[PDB]
Amino acid sequence: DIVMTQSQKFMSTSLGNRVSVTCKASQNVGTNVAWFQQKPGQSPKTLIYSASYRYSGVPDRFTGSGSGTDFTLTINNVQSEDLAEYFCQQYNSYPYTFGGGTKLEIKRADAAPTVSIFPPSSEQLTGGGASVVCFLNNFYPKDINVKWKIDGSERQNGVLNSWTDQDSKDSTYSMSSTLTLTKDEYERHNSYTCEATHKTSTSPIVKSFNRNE
Amino acid sequence: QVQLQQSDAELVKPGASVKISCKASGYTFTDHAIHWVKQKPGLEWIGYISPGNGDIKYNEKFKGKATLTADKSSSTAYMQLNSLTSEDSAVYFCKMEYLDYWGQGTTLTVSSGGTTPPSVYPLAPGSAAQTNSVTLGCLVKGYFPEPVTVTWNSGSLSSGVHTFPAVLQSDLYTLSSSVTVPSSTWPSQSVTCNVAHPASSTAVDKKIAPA
Ligand SMILES: CN(C)C(=O)c1ccccc1NC(=O)OCc1ccc(C(=O)O)cc1
């Protein structure tokens, strides 16, 4: 079966610029290649068929090219609504097969995270567990480092992190970091700190509380 | 106005079968084929059925796994998946051949794990925190299967919301959601996270009260 390769997992672009996504077929597929757009939780949407034909209703900002083994999707004047994952597919022969996807990233001005820390709720402590939560919201660029410190010492055990998809409105990123302790463990220490390192500050961004307060 | 409406998410045990539907409307059902695709967090083509003439074709990889049928009387295409394993957990779509009409997807979860409603914990700032804005949150802990839906004030707080992807541990999911509001509206006015978990048919509301 035919392997369709999209070597770029991500491609970054400013709005209003041109971006191209490539796709390679492992053997000849003629012009029987389609491109699709997909946003989180939605079905894909057809952009291009027959390698270079625009599906009805697709903006003329989208074009496609190639024949045989080498294909390209080009988006001119990239718009916010183009933030999506892009897939190629061959239908020259069965079984039909798809590329692995390329996610667009939108460039924007640097933005510092807004960092917020939360002690364990009273409710949670009643069942014996203690999660300390930190949100690091609306930052750019996407790279960020978060450290937890308990009475001054770094802790990794028990930390679970999660990251939103790039925001479709403002092109920022957000992260949550959750440190889960037992209640007894939690109550044996005082200062809890979430410390973020981001290129927007030479100094880490620190939020803390003291359990004893 | 073609519409393809698929059946709801399903949680089934390993070794069982499931039958997913795709109800088509808005065109002549016997004049177009319907294809099926699998998407695991990429995309795989399963096969098609052409209701008009009964032609069915499978990707060889799915030939002892999937069985495609169609009921012309109800314009509904069906895909039965047999001998299920965790490898079959995925989103399944139906799609009309050639035309850009797709179902909304059906998420299948194959697992032995018990359906568990979430425990929801309010996240209020510490007693000694603090400017013009305040961030609050909700920790949505210990549920299975996915998903949950989180809102704030039943949807009336829409801006400034971040609901994070869930993390899986010991057969249970956890996520958090944050909301940021002006300080003049909290705590003097109510702020409540609303958490629905369809698989257990629950919805839980947790008011964020200052600590
Ligand atoms: C025709 N076709 C291959 C399908 O319907 C299709 C079916 C399942 C998965 C992807 C598909 N891919 C797809 O739809 O690509 C778009 C497309 C649209 C029109 C034509 C055509 O008219 O030749 C070909 C491809």
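Convention: sequence-line order gives letters A, B, ...; per-chain numbering from 1.
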Exercise for the section: Run the salt-bridge test on A/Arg54 and A/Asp60 with the 4.0 Å N-O cut-off and return the result as yes or no. Expected result: yes
Exercise for the section: Kindly check if the number of other-residue, nucleotide or ligand heavy atoms within 6.0 Å of CG (A/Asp143) is above 12? Expected result: no
Practice task
State whether the number of non-hydrogen atoms from other residues, nucleotides or ligands found under 6.0 Å of B/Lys207 atom NZ is greater than 12.
Solution key: no
Exercise for the section: May I ask you to establish whether B/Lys19 and B/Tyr78 are in a cation-pi arrangement, using a distance under 6.0 Å from NZ or CZ to the six-membered ring centre and at most 45° from the ring axis? Expected result: yes
Problem - Student check: side-chain heavy atoms of B/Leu84 and B/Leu108 closer than 4.5 Å - result: yes
Handout entry: Atom pair CG (A/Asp167) and CG (A/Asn137), whose distance is rounded to the nearest 0.5 Å
Key = 10.5 Å
Problem - A/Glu195 and A/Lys207 ion-paired at < 4.0 Å - result: no
Exercise for the section: Calculate, to the nearest 0.5 Å, the distance between atoms CD1 and SG belonging to A/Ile117 and A/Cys194 respectively. Expected result: 5.5 Å
Handout entry: Greater than 12 external heavy atoms within 6.0 Å of A/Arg61's CZ
Key = yes
Exercise for the section: Decide yes or no for A/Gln166 and A/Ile106: does some side-chain heavy atom of the first lie under 4.5 Å from some side-chain heavy atom of the second? Expected result: yes
Practice task
Kindly indicate whether the side chain of A/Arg18, heavy atoms from C-beta on, has any atom under 4.5 Å from the side chain of A/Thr74.
Solution key: yes
Exercise for the section: State, yes or no, whether a side-chain contact exists between A/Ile75 and A/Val19 at a heavy-atom distance under 4.5 Å. Expected result: yes
Practice task
Measure the acute angle between the ring planes of A/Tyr86 and A/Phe62, then classify it against the limits of 30° and 60° as parallel, tilted or perpendicular.
Solution key: tilted
Practice task
Examine the side chains of A/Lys107 and A/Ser12 and answer whether a donor and an acceptor come within less than 3.5 Å of each other.
Solution key: yes
Practice task
With the side chain counted from C-beta on, respond yes when B/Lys23 and B/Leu4 share a heavy-atom pair under 4.5 Å apart, and no when they do not.
Solution key: no
Problem - A/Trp148 side chain reached by A/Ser177 side chain, heavy atoms, under 4.5 Å - result: yes
Exercise for the section: Mind checking the CZ-OG1 spacing from A/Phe36 to A/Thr46? Nearest 0.5 Å is all I need. Expected result: 4.5 Å
Exercise for the section: Heavy atoms only: give me the nearest A/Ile2-A/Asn28 pair and the separation to one decimal. Expected result: CD1-O, 4.5 Å
Exercise for the section: Answer yes or no: are there more than 12 heavy-atom neighbours, outside A/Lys24 itself, under 6.0 Å from its atom NZ? Expected result: yes
Exercise for the section: Kindly assign one of parallel, tilted or perpendicular to the pair A/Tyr94 and A/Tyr96, based on the angle between their ring planes and the thresholds 30° and 60°. Expected result: parallel
Exercise for the section: Give, for atom CD of A/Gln124 and atom NZ of B/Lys141, the distance between the pair rounded to the nearest 0.5 Å. Expected result: 6.5 Å
Handout entry: N-O pairing of A/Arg108 and A/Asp170 below 4.0 Å
Key = no
Handout entry: Point-to-point distance, once rounded to the nearest 0.5 Å, from OG of B/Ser50 to CZ of B/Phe29
Key = 9.5 Å
Practice task
Start with the C-alpha gap between B/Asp55 and B/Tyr48, add the side-chain angles, then the distance that decides, and say whether side-chain hydrogen bond (donor to acceptor under 3.5 Å, both in side chains) holds.
Solution key: CA-CA 8 Å; B/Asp55 180 31; B/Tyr48 72 75; 2.7 Å; yes
Exercise for the section: Could you give me the CA-CA distance, side-chain angles and deciding distance for A/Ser131 and A/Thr178, then say whether side-chain hydrogen bond (donor to acceptor under 3.5 Å, both in side chains) is met? Expected result: CA-CA 6 Å; A/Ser131 300; A/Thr178 303; over 6 Å; no
Problem - Trace of the side-chain hydrogen bond (donor to acceptor under 3.5 Å, both in side chains) decision for A/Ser174 with A/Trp163 - result: CA-CA 6 Å; A/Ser174 294; A/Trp163 294 266; over 6 Å; no
Problem - B/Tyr27 and B/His32 aromatic centres sub-6.0 Å - result: yes
Completion exercise
For B/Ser83 and B/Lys65, the nearest pair of non-hydrogen atoms, with its separation, is O-NZ, 2.9 Å
Exercise for the section: Grab the two heavy atoms, one from B/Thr135 and one from B/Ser178, that are nearest each other, plus how far apart they are. Expected result: CG2-CB, 4.0 Å
Exercise for the section: Could you tell me whether the side chain of B/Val161 reaches within less than 4.5 Å of the side chain of B/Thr163, counting heavy atoms only? Expected result: yes
Problem - Atom NZ of A/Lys39 with >12 non-hydrogen neighbours under 6.0 angstrom - result: yes
Exercise for the section: Flag the pair A/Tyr91 / A/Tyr49 as yes when their ring centroid distance falls below 6.0 Å, and as no otherwise. Expected result: no
Exercise for the section: Run the salt-bridge test on B/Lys95 and B/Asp100 with the 4.0 Å N-O cut-off and return the result as yes or no. Expected result: no
Completion exercise
When rounded to the nearest 0.5 Å, the distance separating CE of B/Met96 from CG of B/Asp31 is 10.5 Å
Problem - B/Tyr58 side chain reached by B/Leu68 side chain, heavy atoms, under 4.5 Å - result: yes
Exercise for the section: Using the six-membered ring wherever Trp is involved, compare the ring planes of A/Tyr192 and A/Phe209 and label them parallel, tilted or perpendicular (cut-offs 30° and 60°). Expected result: parallel
